[PDB]
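K.L.:
One structure follows; several queries about it will come next.
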Number of protein chains: 2
Amino acid sequence: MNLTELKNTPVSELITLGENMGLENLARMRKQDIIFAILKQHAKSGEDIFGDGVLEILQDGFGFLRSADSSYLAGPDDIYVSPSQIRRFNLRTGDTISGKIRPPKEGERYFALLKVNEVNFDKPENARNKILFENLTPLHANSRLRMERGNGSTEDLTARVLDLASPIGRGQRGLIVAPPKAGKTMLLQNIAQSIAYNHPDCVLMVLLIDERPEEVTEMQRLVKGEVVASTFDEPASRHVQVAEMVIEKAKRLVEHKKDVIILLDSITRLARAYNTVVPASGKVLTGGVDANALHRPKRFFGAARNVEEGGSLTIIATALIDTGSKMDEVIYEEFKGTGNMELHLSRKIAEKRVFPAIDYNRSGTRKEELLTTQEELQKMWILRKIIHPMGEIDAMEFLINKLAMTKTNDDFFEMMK
Amino acid sequence: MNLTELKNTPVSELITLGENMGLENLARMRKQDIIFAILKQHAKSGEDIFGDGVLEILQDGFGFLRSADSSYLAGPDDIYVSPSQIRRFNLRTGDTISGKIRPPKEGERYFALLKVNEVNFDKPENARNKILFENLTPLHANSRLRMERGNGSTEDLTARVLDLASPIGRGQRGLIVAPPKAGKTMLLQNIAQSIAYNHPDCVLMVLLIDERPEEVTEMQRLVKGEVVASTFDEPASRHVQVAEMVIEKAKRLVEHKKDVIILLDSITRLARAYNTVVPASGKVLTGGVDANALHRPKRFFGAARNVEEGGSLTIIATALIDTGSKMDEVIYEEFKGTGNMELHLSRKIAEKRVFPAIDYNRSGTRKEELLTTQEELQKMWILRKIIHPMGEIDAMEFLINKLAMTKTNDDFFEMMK
Ligand SMILES: Nc1ncnc2c1ncn2[C@@H]1O[C@H](COP(=O)(O)OP(=O)(O)O)[C@@H](O)[C@H]1O
Ligand SMILES: Nc1ncnc2c1ncn2[C@@H]1O[C@H](COP(=O)(O)OP(=O)(O)O)[C@@H](O)[C@H]1O
Ligand code: BEF
Ligand code: BEF
Ligand SMILES: [Mg+2]
Ligand SMILES: [Mg+2]
């Protein structure tokens, strides 16, 4: 008796099971209400019920166990967590809790937690003694997260160009700067697919705030990982809540020496949401940005770091420029002094239908020698010195024509000499 | 005895009928008052009266049935809908209701609804069980909505250029960016005529907010569809109300697997109206735009989506640029990074009296391979690569001179090779 197991079951089988259990007509009923009635009827027989979810401690002291399939939205099937157990096990926002639950009695509206069985997918004896995320020693990117497929596919050209322009390692904090209508969607899809193919052990999390739902359901059915999104039909409060829950879960996972990867596509939208939810202080800067509005996105971005004791946190955010709004322009670069990695995309190259439209000149990675060998770094330096004199479109055409001849970049580097 | 039937009748015949029924002199009376008196006299004999309209639920709990011929304006002949029936049939704003009505008794001012016969042009048993619009899975444009006439007319050149620049499919969410005095009116007229000619099965709705009455009555007598407009003589409150009613009706139609097409021509004017009706919060951004003013137009724009279960919602809004106001430059923009189709028009080409004055270079459609075949996409790519080096005016002249030689674009593509 698990909550996620009943959530994954279809509607027809749940209706059939409820009709066999002998309850009210479930055809004219919601799936969540059907599951609730089935759990009630199964607990009336004396059997136990189990559930799971991410903890969201409220300001009063209690909390609930949000579900991932609903993008951490307030649902009727949330498991109530008393503050006594929180104080007894030192629980915090983001801790994954899995234990026995019971249906609400007369006068209650949510399931109660009796005994916790597993904390953060581990024993509670290992979670009671742990080092906080704020005390971990940061470090630079040491492990190399190669994005090249290696299967010789035609779509691998984007990953090869990305590796030649800006290699990505564990704990990297980069930025994907690109004007609208440049190809950010396809680039993010390719990055997510390459991450899921090359490094399936890492925890991939794609955050899409204030996006077109069709794109949400497309990304959810395309990438092999977790997708937490919030369409534009929701207020900025839900955006802030989702961002906080995601970053808290990422911190709790990193605290257990896990490799978390966050592919953010709405850093600008997140900053707009934070500027909308912040109370007015009577002081407005140039472009309509509050003085204390960028602090929360600043911390959300700076949360990414590489841990020496174990694990890492990678955050790749895509910033929006040339959107016609001065607020986004002020945000983007305020954040430019940030992202230890900038991958610029050119609109002029995208208009020529030359995919990918990557600005190789302005791209780059700091401390790239820690992720590449000596000969590889020398070859990349020679390639950059050869590409720099040529124009952007000409350099892109040259790179595409030279990478189409071979499958691996090593052969291209060997033929360049 | 139908309301719309009496509304379509002329004034002279209604006056004659009222004089034959033996009532007060109807020559010095309004047509609506004449219809009201005729309905009263016909109901005094014991016969039944029927009406219809779009439901507009008020904040208190009751509602009225607005009429389409009055642009959903508050009229004396609105049918009152009690909240009891709303609670009994789960009615919402936008549901088309058609049932028996009765004249108001002593102390009443509006017609009452006794029994509902048809809901959303369908049986109530099919409307009681339905999936909300917020739960439908979005998708990209799959079905091709070809705009080419095919009759070899001289006006078909605009549709041919539009198809070669940006093909339109079901569920598309585009933008027509053009400075003033460019030819937006003729272009919108041609688009509406091509939609009514090629795809007469789709529900066409043209929304004109804050425009001149002459243009309104011109569009109403030119296109073959529904025209809901609101001239500048009305406050922004009526603009917001009309936009809400139109989008709610569109959502209710899409919920019944219908293909709705909305040709918006005032996205900038709608954003200005929303910025005017929003209460001041003491925080003004660059250009005079409120922080929470663009949220409602953002949702109105993002409502457009393609449904996998059935139906679609297409919204083609025309944004205004270079109007001398910085608010529109932020308002029209901020919207640039939202849609997935931009059809730019050049003022320099319009000054040369070269119609249509379309910027073929900056135009385009994302995921265009889902609406065109392989050979068609290759021919469009070759045409774009040939047109790109030439200047805007030169490319437009070349395209016009090459399309004037033949009737179909297939012959042009075959002759280009
Ligand atoms: N690698 C690519 N190959 C082919 N087309 C692409 C590629 N990247 C982008 N595009 C085109 O650009 C359009 C928009 O790209 P997108 O990633 O949505 O840009 P952004 O996210 O910056 O708005 C897509 O619909 C696609 O047709
Ligand atoms: N396809 C066309 N053919 C001929 N003239 C046109 C065409 N499109 C626009 N025009 C001219 O431009 C004028 C204004 O066009 P309009 O569509 O009103 O531009 P906008 O809507 O951008 O203000 C029209 O009065 C018309 O004379
Ligand atoms: F319009 Be893109 F997604 F920035
Ligand atoms: F003056 Be146009 F209608 F933008
Ligand atoms: Mg995008
Ligand atoms: Mg116009």
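Residue numbering restarts at 1 in every chain; chains get A, B, ... in the order shown in the structure tokens, and ligands count up from 1 in that same order.
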What lies within 10 Å of residue 176 (chain B) using only C-alpha atoms, ignoring chain neighbours under 5 positions off, as number ranges by chain?

P.N.:
B: 184, 187-188, 264-265, 316-320, 341-345, 363

K.L.:
So that each row is one residue of chain A with an atom at most 7 Å from chain B, can you give its shortest atom pair and the distance in Å to one decimal, using only C-alpha atoms, rows by chain and rising number, as a tab-separated table?

P.N.:
residue	atom	partner	partner_atom	distance
A:180	CA	B:337	CA	5.0
A:212	CA	B:302	CA	6.5
A:213	CA	B:138	CA	5.7
A:214	CA	B:138	CA	3.6
A:217	CA	B:138	CA	6.5
A:232	CA	B:299	CA	6.6
A:233	CA	B:299	CA	6.0
A:276	CA	B:291	CA	6.3
A:280	CA	B:283	CA	6.6
A:282	CA	B:282	CA	6.9
A:284	CA	B:283	CA	6.9
A:287	CA	B:286	CA	4.9
A:288	CA	B:285	CA	3.8
A:323	CA	B:334	CA	5.7
A:324	CA	B:333	CA	4.8
A:325	CA	B:330	CA	5.2
A:351	CA	B:362	CA	6.9

K.L.:
With N, CA, C and O atoms retained, export the selected residues as a compact mmCIF listing (two decimals), in the first residue's frame.

P.N.:
# COMPACT_ATOMS: atom_id res chain seq x y z
N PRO A 180 15.92 35.78 -27.44
CA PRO A 180 14.80 34.89 -27.77
C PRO A 180 14.85 34.45 -29.22
O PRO A 180 15.48 35.07 -30.08
N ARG A 212 5.46 27.86 -21.33
CA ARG A 212 4.22 27.43 -22.02
C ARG A 212 3.98 25.95 -21.73
O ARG A 212 4.89 25.14 -22.01
N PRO A 213 2.82 25.56 -21.17
CA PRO A 213 2.57 24.17 -20.78
C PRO A 213 2.94 23.15 -21.87
O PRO A 213 3.62 22.20 -21.54
N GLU A 214 2.46 23.32 -23.11
CA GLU A 214 2.92 22.43 -24.17
C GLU A 214 4.41 22.12 -24.06
O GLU A 214 4.80 20.96 -24.16
N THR A 217 4.90 19.70 -21.00
CA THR A 217 4.57 18.30 -21.25
C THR A 217 5.47 17.70 -22.31
O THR A 217 5.64 16.48 -22.38
N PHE A 232 2.91 29.61 -16.62
CA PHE A 232 2.62 31.02 -16.38
C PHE A 232 1.24 31.24 -15.77
O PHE A 232 1.00 32.33 -15.23
N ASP A 233 0.34 30.26 -15.84
CA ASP A 233 -0.98 30.41 -15.24
C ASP A 233 -0.94 30.45 -13.72
O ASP A 233 -1.97 30.74 -13.10
N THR A 276 8.45 40.63 -8.04
CA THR A 276 7.01 40.84 -7.90
C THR A 276 6.52 40.51 -6.50
O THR A 276 5.62 41.20 -5.98
N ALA A 280 6.95 46.48 -1.64
CA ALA A 280 7.51 47.74 -2.11
C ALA A 280 8.13 48.51 -0.95
O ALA A 280 7.55 48.62 0.13
N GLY A 282 9.49 51.75 -1.57
CA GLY A 282 9.57 53.13 -1.97
C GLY A 282 10.84 53.53 -2.69
O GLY A 282 11.06 54.72 -2.92
N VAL A 284 13.05 52.44 -6.12
CA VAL A 284 13.11 51.66 -7.35
C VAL A 284 14.37 52.06 -8.11
O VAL A 284 14.62 53.25 -8.31
N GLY A 287 15.34 50.60 -14.36
CA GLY A 287 14.73 49.48 -15.03
C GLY A 287 13.57 48.84 -14.29
O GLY A 287 12.93 47.93 -14.84
N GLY A 288 13.28 49.28 -13.07
CA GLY A 288 12.18 48.70 -12.31
C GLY A 288 12.58 47.52 -11.45
O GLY A 288 11.77 46.62 -11.23
N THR A 323 15.26 41.32 -24.86
CA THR A 323 13.84 41.05 -24.77
C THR A 323 12.99 42.31 -24.82
O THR A 323 11.76 42.22 -24.69
N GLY A 324 13.60 43.48 -25.01
CA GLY A 324 12.88 44.73 -25.04
C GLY A 324 12.57 45.35 -23.70
O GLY A 324 12.07 46.48 -23.65
N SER A 325 12.86 44.65 -22.60
CA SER A 325 12.61 45.15 -21.25
C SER A 325 13.94 45.47 -20.59
O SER A 325 14.86 44.63 -20.60
N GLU A 351 19.31 33.23 -37.47
CA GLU A 351 18.49 33.66 -38.60
C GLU A 351 18.92 33.01 -39.90
O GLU A 351 18.09 32.87 -40.81

K.L.:
Can you tell me which residues surround region 395-398 of chain A at a distance of at most 10 Å, considering only C-alpha atoms, apart from same-chain residues fewer than 5 positions away, and format the answer as number ranges by chain?

P.N.:
A: 161, 349, 354-361, 386-390, 403-404

K.L.:
Kindly export the residues of the current selection with N, CA and C atoms, as a short mmCIF file (atom, residue, chain, number, x, y, z; two decimals), in the first residue's frame.

P.N.:
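Final output, out.cif:
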data_model
loop_
_atom_site.label_atom_id
_atom_site.label_comp_id
_atom_site.auth_asym_id
_atom_site.auth_seq_id
_atom_site.Cartn_x
_atom_site.Cartn_y
_atom_site.Cartn_z
N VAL A 161 30.50 20.63 -30.17
CA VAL A 161 30.79 22.06 -30.15
C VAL A 161 30.76 22.60 -28.72
N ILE A 349 23.32 34.29 -36.42
CA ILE A 349 23.59 32.95 -36.91
C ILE A 349 22.32 32.11 -36.91
N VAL A 354 21.54 28.15 -39.20
CA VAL A 354 22.78 27.42 -38.97
C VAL A 354 22.76 26.94 -37.52
N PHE A 355 22.37 25.69 -37.32
CA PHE A 355 22.27 25.11 -35.99
C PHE A 355 23.46 24.20 -35.72
N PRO A 356 24.10 24.31 -34.55
CA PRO A 356 23.74 25.27 -33.50
C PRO A 356 24.33 26.66 -33.73
N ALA A 357 23.63 27.69 -33.26
CA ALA A 357 24.08 29.07 -33.39
C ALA A 357 24.76 29.49 -32.09
N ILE A 358 26.01 29.07 -31.94
CA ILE A 358 26.79 29.31 -30.74
C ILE A 358 27.87 30.33 -31.04
N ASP A 359 28.00 31.33 -30.17
CA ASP A 359 29.06 32.33 -30.29
C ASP A 359 30.32 31.75 -29.66
N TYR A 360 31.18 31.16 -30.50
CA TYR A 360 32.38 30.50 -29.99
C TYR A 360 33.38 31.50 -29.45
N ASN A 361 33.36 32.74 -29.96
CA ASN A 361 34.35 33.73 -29.55
C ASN A 361 34.16 34.14 -28.10
N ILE A 386 42.95 29.92 -34.11
CA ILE A 386 42.65 29.86 -35.54
C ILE A 386 41.25 30.40 -35.82
N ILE A 387 40.30 30.15 -34.92
CA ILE A 387 38.92 30.57 -35.14
C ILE A 387 38.74 32.06 -34.91
N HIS A 388 39.48 32.64 -33.97
CA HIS A 388 39.30 34.05 -33.58
C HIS A 388 39.36 35.03 -34.75
N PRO A 389 40.31 34.94 -35.69
CA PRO A 389 40.31 35.93 -36.78
C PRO A 389 39.08 35.87 -37.67
N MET A 390 38.55 34.68 -37.92
CA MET A 390 37.39 34.54 -38.80
C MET A 390 36.14 35.09 -38.13
N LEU A 403 33.74 19.22 -38.56
CA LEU A 403 33.26 18.17 -37.67
C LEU A 403 32.38 17.17 -38.40
N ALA A 404 31.80 17.55 -39.54
CA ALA A 404 31.01 16.59 -40.31
C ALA A 404 31.87 15.54 -41.00
#

K.L.:
Just the residues within 8 Å of region 55-64 of chain A, please, counting only C-alpha atoms, with nothing from its chain fewer than 2 positions along; format it as a list in words.

P.N.:
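My list of contacting residues is residues 53, 66, 78, 79, 80, 81, 82, 83, 86, 92, 93, 94, 95, 96, 97 and 245 of chain A.
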
K.L.:
Give me every helix (DSSP H, G or I) residue in region 178-361 of chain A, going by DSSP on the backbone, as a PyMOL selection string.

P.N.:
chain A and resi 184-198+213-220+236-254+267-277+295-302+326-334+347-351

K.L.:
Which residues are close to residue 378 (chain A), i.e. within 12 Å by only C-alpha atoms, leaving aside same-chain residues fewer than 6 positions away? Reply as number ranges by chain.

P.N.:
A: 164, 368-369, 372, 384-385, 413, 417

K.L.:
Tell me, in Å to one decimal, how far atom 13 (C, counted along the ligand's line) of ligand 2 is from CA of residue 190 (chain B).

P.N.:
13.2 Å
